[PDB]
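Undergrad: Sequence plus experimental coordinates follow:
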Amino acid sequence: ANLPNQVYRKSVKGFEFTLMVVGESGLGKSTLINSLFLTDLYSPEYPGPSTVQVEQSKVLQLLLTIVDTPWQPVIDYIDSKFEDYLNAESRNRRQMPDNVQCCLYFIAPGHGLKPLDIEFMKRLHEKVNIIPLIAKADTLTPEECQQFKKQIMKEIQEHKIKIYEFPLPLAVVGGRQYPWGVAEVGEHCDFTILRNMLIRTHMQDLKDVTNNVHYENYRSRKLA
Amino acid sequence: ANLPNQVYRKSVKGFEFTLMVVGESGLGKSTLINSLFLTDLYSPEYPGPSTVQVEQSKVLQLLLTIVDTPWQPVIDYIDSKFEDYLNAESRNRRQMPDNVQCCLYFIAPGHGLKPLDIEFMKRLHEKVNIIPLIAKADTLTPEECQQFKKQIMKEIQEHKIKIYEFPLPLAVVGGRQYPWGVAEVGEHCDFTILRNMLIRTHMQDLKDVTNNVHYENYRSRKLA
Amino acid sequence: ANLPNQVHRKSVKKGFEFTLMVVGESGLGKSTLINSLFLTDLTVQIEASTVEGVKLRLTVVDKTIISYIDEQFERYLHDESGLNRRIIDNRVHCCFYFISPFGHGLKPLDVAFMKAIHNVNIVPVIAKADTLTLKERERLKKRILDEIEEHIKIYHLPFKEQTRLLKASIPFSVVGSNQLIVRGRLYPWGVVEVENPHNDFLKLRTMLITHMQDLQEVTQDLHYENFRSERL
Amino acid sequence: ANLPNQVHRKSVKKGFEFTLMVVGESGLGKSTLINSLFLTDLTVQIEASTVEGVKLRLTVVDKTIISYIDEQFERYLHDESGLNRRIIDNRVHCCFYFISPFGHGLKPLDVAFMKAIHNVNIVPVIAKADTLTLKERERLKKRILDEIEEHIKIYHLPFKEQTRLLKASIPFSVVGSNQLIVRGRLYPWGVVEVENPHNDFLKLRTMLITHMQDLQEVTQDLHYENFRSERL
Amino acid sequence: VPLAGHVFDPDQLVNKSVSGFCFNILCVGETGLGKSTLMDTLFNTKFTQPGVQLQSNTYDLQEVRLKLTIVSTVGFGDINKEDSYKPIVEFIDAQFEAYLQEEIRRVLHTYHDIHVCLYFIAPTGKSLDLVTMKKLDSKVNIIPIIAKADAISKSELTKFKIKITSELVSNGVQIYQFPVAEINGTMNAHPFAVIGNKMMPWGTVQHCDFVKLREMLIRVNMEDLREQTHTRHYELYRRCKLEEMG
Amino acid sequence: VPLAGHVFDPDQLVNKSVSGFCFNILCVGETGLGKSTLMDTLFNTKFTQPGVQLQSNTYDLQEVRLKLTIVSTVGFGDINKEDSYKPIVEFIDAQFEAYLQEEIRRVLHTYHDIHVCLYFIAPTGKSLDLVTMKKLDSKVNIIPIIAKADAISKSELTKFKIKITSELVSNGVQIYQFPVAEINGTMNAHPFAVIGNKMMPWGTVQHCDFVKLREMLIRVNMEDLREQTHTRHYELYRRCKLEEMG
Ligand SMILES: Nc1nc2c(ncn2[C@@H]2O[C@H](COP(=O)(O)OP(=O)(O)OP(=O)(O)O)[C@@H](O)[C@H]2O)c(=O)[nH]1
Ligand SMILES: Nc1nc2c(ncn2[C@@H]2O[C@H](COP(=O)(O)OP(=O)(O)OP(=O)(O)O)[C@@H](O)[C@H]2O)c(=O)[nH]1
Ligand SMILES: Nc1nc2c(ncn2[C@@H]2O[C@H](COP(=O)(O)OP(=O)(O)O)[C@@H](O)[C@H]2O)c(=O)[nH]1
Ligand SMILES: Nc1nc2c(ncn2[C@@H]2O[C@H](COP(=O)(O)OP(=O)(O)O)[C@@H](O)[C@H]2O)c(=O)[nH]1
Ligand SMILES: Nc1nc2c(ncn2[C@@H]2O[C@H](COP(=O)(O)OP(=O)(O)O)[C@@H](O)[C@H]2O)c(=O)[nH]1
Ligand SMILES: Nc1nc2c(ncn2[C@@H]2O[C@H](COP(=O)(O)OP(=O)(O)O)[C@@H](O)[C@H]2O)c(=O)[nH]1
C-alpha cells in the first residue's frame, strides 16, 4: 500500500491557458491584464477597423493567453480557434497546443445592462465560460455599487444569459489613489475575489470546461 | 616257509605187499612165513598136482600177501596177476588193488646150485625181484657155510641170473634148540639180516620196483 | 552352505553395469545432480564411464527416444538367437523423469511421456525443492501420486523400514551441488544442505544403489514381453 | 559402491541349484560318500532334495547316459527359443567319475567313459584309500594324471593357496562314513578318520561347495557349443 | 518566444485535487508462478488444460482512493497460445476506447484503456516467452520479472539476470523503464526478481528484490506507464487501424 | 576178510624218505590285487591291455627241499576271457600227463599235473568271477580268496564273507576244503581273506586272516589237493576225453 499520485504533480514540468477580454477600452482592461498579472507589457490595446491577442508564458510557467480585441468576429475568431484543433484530433497528430477559452468581459457604467453588453454575452454564452466584471469601480459609491450588482444580475437572469461560476458579480478596481483619499486593493475593492477565484483556486475548471463544454460544443455540433 | 610233508605219513591210514615163496617144502618155508612174521597160521603148505597163496593184512596194517605153491604156472600165475591190473589201468577204473611181487625162494642143501633152483630163478628173473635164501641152516657148519655162500653166488654169476639187491646170500635158520646145544636168532643165524633189510628198511623199494619194473615189463612188453 | 560368500566376491571380477536414461525439463540440474549422485561429471547423448567398481552406459535426453530403447531391446534379442556370445546390451536399466519444482499439478507432457515410455523403467523425481516447502513438498507428492492415479506405470519398488520408509515419501526432492562450504548450495538468505532430510537427495542415492535390479525387471519384464509382443 | 552386499543376500530368496551326475564302479561308496558329503541320504536314477538353503537335482548311474544330458541340453535350449519363461533346466552341473582304490593304472573303461563324456563336467575321484598308502596314494595321483595325458577333459579348476593347494593334490581320495565313534570308520587294526588329511575327503567337500560355478562352465561351455554344434 | 516578463499568486496543486483515479495491471504467465501470489503480496490483500485462457478481476483501495482492475491469465502446453490470447484483451481493449472516443465523449470511464503486463519468467538456466514477449513486444506495458526468487543463489542471480538481459536484445524487444531520475534511472537497470507471514530448507521467507519492483512499479514513476500506455497502444492501435480503414 | 592174527618189527616212515617233491600253484585275478604280492609274502621271497594273458614262473625251496611252479595270470576288460584262458593251461596241462602216460612211463617228471588256483576277488559290497569260478568250477583246485584285506572293517567282513558264501551256492559251485580234522574242519568254514615290513590311514600293516590261509593252504592238508588234483582233473580230463575218442 503506497498509492501516492504525488507523481501527478511532478508531472507538468506545463500548464497553459487562454483568457479573453472584451470591453469598452478607455478604462482599465489593459490595467487588469498587466495588474491582475502584476506585470508590465505595453502596447496591447490600440486598433484599426476591426483584433488584438497576446500569449505569454512567464513562470514562477503558464502559457497565459489573453485575447483582447477592439459580435461575429470574436465568435468567428473563436470557433476558428475551436474547429482548428479538434480538426487536429481526427488527423496521426502530434500533441499540439493550444486549446482555456473563457471571457473576462467588462461592461461598466451602472445603472442598467449595456445593450452591446447584453448582446455580446448572449450569443457568446456557450463558446467559452463568461466571467463578467465592473471597471474603474472607484467610479461608484457602493451604497450606489449596490445598484449595478443587483440590476445587471436581475438583468441577466431576465434576458437569460449564462455565465461562469465556480462552487456579486465582480467589480474591478484598476494600488491607486486620489486628491482627497486613496483607494486600495481590497476590501476596498472586491477585486481580490477575482484574484482568489480566478487566479489559482478555480483556474483548472474554467479551462477543463472550456476544453470540455465547447470543444464538444463545437464538434458534436459540426459532427452533425 | 613251512614245508613239512609230515602230511605224507599221516597219509596211508594203507600199505600192502605181495611176497612170493618157492621151495622144496620139507623144511621151513612155512616156518619162515609164520616166523619171519612172528605169527601163527596153520595149513598153508599141502598140495594136489599142481598152488597155494594166502593174503593177510594184520596191523600194528599191511596186506602182506605171501604166495607159496607146491616153471610155467608160477610164471603164468604171475603175469596173469600182472596183466590183470594194468588191464585195469586202461579201463574209467576205480582204484583197485592189489599189485610187491618179489620172491622169497629157498634152495638149500649146499654144495652146488640146485638144477631146478637154477631154472626157477633164471626165467623168473624179470617178473618179480628175486630174493633167494638157504634153509634149515643149522644144517651147516659155517666153516662149511662158507661153501654154499661162495659156490652158488659164483653159481649165479656164471649161469647169470639176476636177483634183488638193496643198497651173502641169506641163510635161514627156522628160537630152536637141540640135544647138545641150542641155536639162536642171531648171530648165530644171519637171519636177522633178512629181517632188517626185508622187513621195514628196504621193503618199499621191492614193491615199487616190483610195480615199476615188471608192470612195465608186462605191458611195455604186451603193448608190442 | 557358503556360496553367498563366494557369490558375493563374484561380481568382484565382473560387477557391474548400469544404463539409465534421463528425461526432464532442462531446467533443473539433471546433469548437475547426476554428477553428485555420481561424484562425477560431463536428439540425444550418451554417457559411459566407470569408477571404483562398475560400468556406466547412461543416456541423457537433450518422442524420438522410444526407438532407441527398442533399438536396444532389438539388439539384446537379435543375438539371443543366439548363434554366438561374448557380447553386450545397451538396455535401459532405468529411466528418470523430472517434473517441476513449482506451479502445481503434473504436466500433460509429463503424462504422455509417462504413459508411453513405461516399458522401460522410471524413477520420476523432483529437482530444486529448496524452492519448495514441506507444506508445498507434501502437496506435490500426492497430487502427483493421484495424478499417477487417474491413469500408472513407473516402477514399484520391490532394512525392514529402510525399504518401507523410502518408498512412502516417493517421490523425493533433490538438489545436487557440486559446490560447497558440506555440499553445498549458497544462500544469503540461509543455507541449503545435501543429504539430510532437508534433502530427499539421499533416499535416491541410497535407494538406487541399493537395488540395482532394474537390472532385473527391465530384463524379466520389459524385454521379455518385447519378445512376446514382438516375436509373436 | 555397495551392491556386492545386496548381491550377496540376493541368493537369499533364490539360491541355489546343483545337479551332478555320478558314475563309478559299484563298489565303492558313491552313495555312502555322497550322503556325508551331503549329510543326507538315499538304467539310471534321480535325486532331488534340499537343505538349509539349496535345491538338488542329482543323478546317479546305477553309455545310455549321454542321451540324458543332451536330452537336458535339449530342453534348456528348446525353451530358450524362447517364447515363454518361468521354468527349469536339469543341466549336468557336474559329473563325478570314480577309478578304483586298488590295482594300479586307469581303466580302458574309465578312459572311454572319460573321453566321450566330457562336455559335461567331471570331477574324477578315488574312493576307499584307507586301502591306499601315501606311497601308493601319490602313485595313482600322477599315473592317473599322465593317463589324463596321453589323451584330457575333465574340468580344470578355475584363498591364494586355498585354491592352489587343493588343485595340486587332484585327484583326492575319500571315505564317507555315516557311522561313527569322529566320523567314522572302524578298524581293530587301527582307526580311520574323515575330514583330516588323513582324508582328502574335505578337499572335495570344501572345494566343490566353494566354486559351484559349473553352474557357470556347463552353462557357458558345454551347452553354448551344444547350441553351436547342434543348431549350426 | 519571449514570454519573459517580471513580477505573486498553485495551478499544479489544483490538478492534484483532481481527485477518481484508475489503473489496470495484467500479469501473464504459466499456471502457476504466483501471479496472484504476486498481486495480493504487492497490494497486501487477497483476490493444465487446453488453450489460452485469461482471468479477470478488479478491486479498490484507499488512503483518498482508487479503482483498479487486475487481470492475470494462464497458459499451457502442447504453442501459439501467445499470439492469440493477448490480442484478445489488448488490441480489443484498446480499439475500444478509441471507439468510445471516435463517437459523445469523455465520460472518464475505462480501465484496460492495457495498462501493464508483468510477464513472469521462470527462473532457471526460454523460447515460448521470447516470441510471447516479442509478439507481446507490441506492446502493452511489459515489465520483466522472475518468479519464485528463492530458487536461485545470488551467484546465479548475478549470472542469469545478466545473461537473460543479453537475451532481451538478442532478438531485441521493447521493454519498460523510466527516463528526477537517478533512482528511477538506477532501478531500471538494477531485469528484476521477486519472492508468506511473520514474525520478527527450513524455509523462512522475506533484501530480496521484492521492494525494488514494489516501489518503482507501484510507488514512483507511477502513471508514466499509464500515459505511455495511452500514448503507445492507443497510438499504434489507431494509427495502424486508421492506416487500415483510411 | 580176517587177516587178524597176532604177534615186532615202519614202512610208512620208509615212504617218507621218498625224498623230490613238487607242486604247482596258479592264482588268477584282475591286474592287480597282489597275486604276486601274495606269493612272495606266502613263501617270503621275491618272484590293462587286451585279451587273456597268463604268466609263468617256477622256483625252489628248502629245509630237504622241493621244486615248485608258480604261475599267476592276468585279465581285463571290455568279457569271455575266462572260458578261454584256463582251458589254455589246465585241460591242456592236464591231457598232457595223461599223454605221457598213455604212451614208456613214469619218469616222475611234471608240474601242472594244475595244482591249485587261487581266484582272488576284490573285495567290496560279482559276475565275471561267478562264471569265471563256475566255468572254473571244473576244476582245477580253486581256493577262494579276498584281496587287499585292509579295505574292509571287521563289521563288514562279518557281512561280506557270509553273504558271498551264499553266492558260492546260489549258483552253487565246486570248491575246496578238507575232510584229524577238527582244525582242518574248522578252517574250511572259518571264505578266507588276506593282507610289508617291520618292526616290533597312517598305515601300519600286519590276526588278519593271513595265517589261516597260510597254514592250511601251505602247511597242513598239503598234498590232499595234489591228489584231489590228480584224482579230479586227470579224471574228468581223461574220462570226458576217453568218452570222446572211445
Ligand atoms: N518456494 C516458493 N514458492 C512459491 C513462490 N511463489 C509462489 N510459490 C508457491 O506456488 C503457488 C503459486 O500459486 P498461484 O498463486 O495460484 O500462482 P498463479 O499465478 O495464480 O498460477 P495460475 O493460477 O495457474 O495462473 C503458491 O501456492 C505458493 O505457495 C516462490 O517464490 N517460492
Ligand atoms: N593297501 C593295500 N595295498 C595292497 C594290498 N595288496 C596289494 N596292494 C598293493 O597293490 C599292488 C599289487 O601289485 P601286484 O603285486 O603286482 O599284483 P598282481 O597280482 O601281480 O597284479 P597283476 O600283475 O596286474 O596281475 C602292490 O604294489 C601293493 O602295494 C592290500 O591288501 N592292501
Ligand atoms: N481613477 C481610475 N483610473 C483608472 C482605473 N483603472 C484604470 N484607470 C485609468 O484609465 C485608463 C483605462 O484604459 P486602459 O486600462 O489602458 O484600457 P484600454 O483602453 O483597453 O487600453 C488607464 O490608462 C488607467 O490609467 C481606476 O480604477 N480608477
Ligand atoms: N632142526 C631144524 N628144523 C627145522 C628148521 N626149520 C624148520 N624145521 C622143521 O622142518 C619142517 C620144515 O617144513 P615146513 O617149515 O612146514 O615147510 P613146508 O613143507 O613148506 O610146510 C618144519 O616142520 C620144522 O619143524 C631149522 O632151522 N632147524
Ligand atoms: N538452489 C538450487 N539451485 C539448483 C538446484 N538444482 C539446480 N540448481 C541450479 O540450476 C542449474 C542447473 O543447470 P543444469 O544442470 O545445466 O540443467 P540441466 O541441463 O537440466 O541438468 C545450476 O546452475 C544450479 O545453480 C537446487 O536444488 N537448488
Ligand atoms: N574302510 C572303508 N570302507 C569303505 C569306504 N568307502 C566305502 N566303504 C565300504 O563300502 C560300502 C559302500 O557300499 P555302497 O555305498 O552301497 O556302494 P555304491 O553303491 O557304489 O556307492 C560301505 O558298506 C562301506 O562299508 C572307505 O573309504 N573305507
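TA: Cool, got the structure. Residues are numbered from 1 along each chain as shown, chains lettered A, B, ... in the order given. Ligands and ions are numbered 1, 2, ... in the order given.

Undergrad: Which stretches in chain A count as helices?
TA: A:29-36, A:72-85, A:115-124, A:142-159, A:193-196, A:203-213, A:215-222 (DSSP state H).

Undergrad: Ligand 3 contacts on chain A?
TA: Within chain A, the positions near ligand 3 by Cβ under 6 Å from any ligand atom are A:23, A:25-31, A:45, A:136, A:138, A:173-174, A:176. Just so you know, the C-beta spots here come from the backbone N, C-alpha and C atoms, and that holds for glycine as well.

Undergrad: biggest helix in chain E, by residue count?
TA: Per DSSP H, chain E has its longest helix at helix E:86-102.

Undergrad: Can you report how many residues neighbour the residue of chain E found nearest chain C?
TA: In chain E, the residue that lies nearest chain C is residue E:32 (3.7 Å; Cβ to the nearest Cβ). When neighbours are defined as other Cβ atoms under 10 Å in any protein chain shown, residue E:32 has 20 of them.

Undergrad: next one: residue E:227
TA: Applying other Cβ under 10 Å, we find 11 residues neighbouring residue E:227.

Undergrad: cool, and residue C:105?
TA: Around residue C:105 there are 19 other residues, counting by other Cβ under 10 Å.

Undergrad: Ramachandran angles for it?
TA: Main-chain torsions, residue C:105, degrees, to the nearest 10: phi -70, psi -160.

Undergrad: pretty sure it contacts residue C:146?
TA: No. With contact defined as Cβ atoms under 8 Å, residue C:105 does not count as touching residue C:146 (9.6 Å).

Undergrad: Residue 24: how many residues sit nearby?
TA: Using chain A here. Residues near residue A:24, counting by other Cβ under 10 Å: 15.

Undergrad: switch to chain E, that's the one I care about
TA: Using other Cβ under 10 Å, residue E:24 is surrounded by 23 other residues.

Undergrad: re earlier: so which of the helices of chain A is nearest residue E:178?
TA: Closest of the helices of chain A to residue E:178 is helix A:203-213, at 26.4 Å (criterion: Cβ to Cβ).

Undergrad: What is the distance between the closest one and the centre of its chain?
TA: Taking Cα atoms, centre = their mean, to the nearest Å, one finds helix A:203-213 lying 12 Å from the centre of the chain it belongs to.

Undergrad: For it, name the packing helices and strands.
TA: Helices and strands touching helix A:203-213, as assessed by 3 or more Cβ pairs under 8 Å, 6 or more residues apart in numbering or on different chains; DSSP states H and E, comprise strand A:17-22, strand A:102-106, strand A:129-135, helix E:11-16.

Undergrad: Kindly recompute the last result at 7 Å.
TA: Counting contacts by 3 or more Cβ pairs under 7 Å, 6 or more residues apart in numbering or on different chains; DSSP states H and E, helix A:203-213 is packed against strand A:129-135, helix E:11-16.

Undergrad: Confirm for me that residue A:123 is in contact with residue A:71.
TA: Yes. Residue A:123 lies in contact with residue A:71 (Cβ atoms under 7 Å); the separation is 6.1 Å.

Undergrad: which one of the helices and strands packed on helix A:203-213 lies closest to ligand 1?
TA: Minimum separation from ligand 1 across these (Cβ to the nearest ligand atom) falls at helix E:11-16, 35.5 Å.

Undergrad: Now residue 135: closest residue in space that isn't a chain neighbour?
TA: No chain was given, so I picked chain A. Of all residues not flanking residue A:135 in the chain, residue A:108 sits nearest, at 3.7 Å (Cβ to Cβ, 6 or more residues apart in numbering or on different chains).

Undergrad: hmm, I had chain E in mind actually
TA: residue E:83 is the one closest to residue E:135 (Cβ to Cβ, 6+ apart), at 5.4 Å.

Undergrad: Just read off the phi/psi values of the one you found.
TA: The phi/psi pair for residue E:83 (degrees, to the nearest 10) is phi -60, psi -30.

Undergrad: Around it, how many other residues sit close by?
TA: 12.

Undergrad: for residue C:122, same thing?
TA: For residue C:122, using other Cβ under 10 Å, the count is 22.

Undergrad: Same question for residue C:178.
TA: Applying other Cβ under 10 Å, we find 15 residues neighbouring residue C:178.

Undergrad: Let me know whether it touches residue C:36 as I believe.
TA: Yes. The pair residue C:178 and residue C:36 passes the contact test of Cβ under 7 Å, sitting 4.9 Å apart.

Undergrad: who's in contact with the residue nearest to residue C:18 when sequence neighbours are not counted?
TA: Spatial nearest neighbour of residue C:18, chain neighbours left out: residue C:93 (4.9 Å); criterion: Cβ to Cβ, 6+ apart. Applying Cβ atoms under 7 Å, 6 or more residues apart in numbering or on different chains to residue C:93 gives the contacts C:18, C:19, C:20, C:121, C:214, C:215, C:218.

Undergrad: Could I have the buried ones of these as ChimeraX selection syntax?
TA: Buried members of these, defined by 16 or more other Cβ atoms under 10 Å in any protein chain shown, are picked up in ChimeraX with:
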select /C:18,19,20,121,214,215,218
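
Undergrad: Select from the contacts of residue C:93 every entry located in strands.
TA: If you go by DSSP state E, these have C:18, C:20 in strands.

Undergrad: what's the neighbour count on residue 39?
TA: Defaulting to chain A. By the measure other Cβ under 10 Å, the count of residues near residue A:39 is 15.

Undergrad: look at chain E instead
TA: Neighbours of residue E:39 using other Cβ under 10 Å come to 21.

Undergrad: Rebuild the helices of chain A as JSON lines, extending it with distance to residue B:205 and mean neighbour count.
TA: As requested, the helices of chain A are arranged in JSON lines below (distance: least, Cβ to Cβ, whole Å; neighbours: other Cβ atoms under 10 Å in any protein chain shown):
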{"stretch": "helix A:29-36", "distance to residue B:205": "203", "mean neighbour count": "20"}
{"stretch": "helix A:72-85", "distance to residue B:205": "189", "mean neighbour count": "15"}
{"stretch": "helix A:115-124", "distance to residue B:205": "205", "mean neighbour count": "17"}
{"stretch": "helix A:142-159", "distance to residue B:205": "210", "mean neighbour count": "14"}
{"stretch": "helix A:193-196", "distance to residue B:205": "199", "mean neighbour count": "17"}
{"stretch": "helix A:203-213", "distance to residue B:205": "188", "mean neighbour count": "19"}
{"stretch": "helix A:215-222", "distance to residue B:205": "189", "mean neighbour count": "16"}
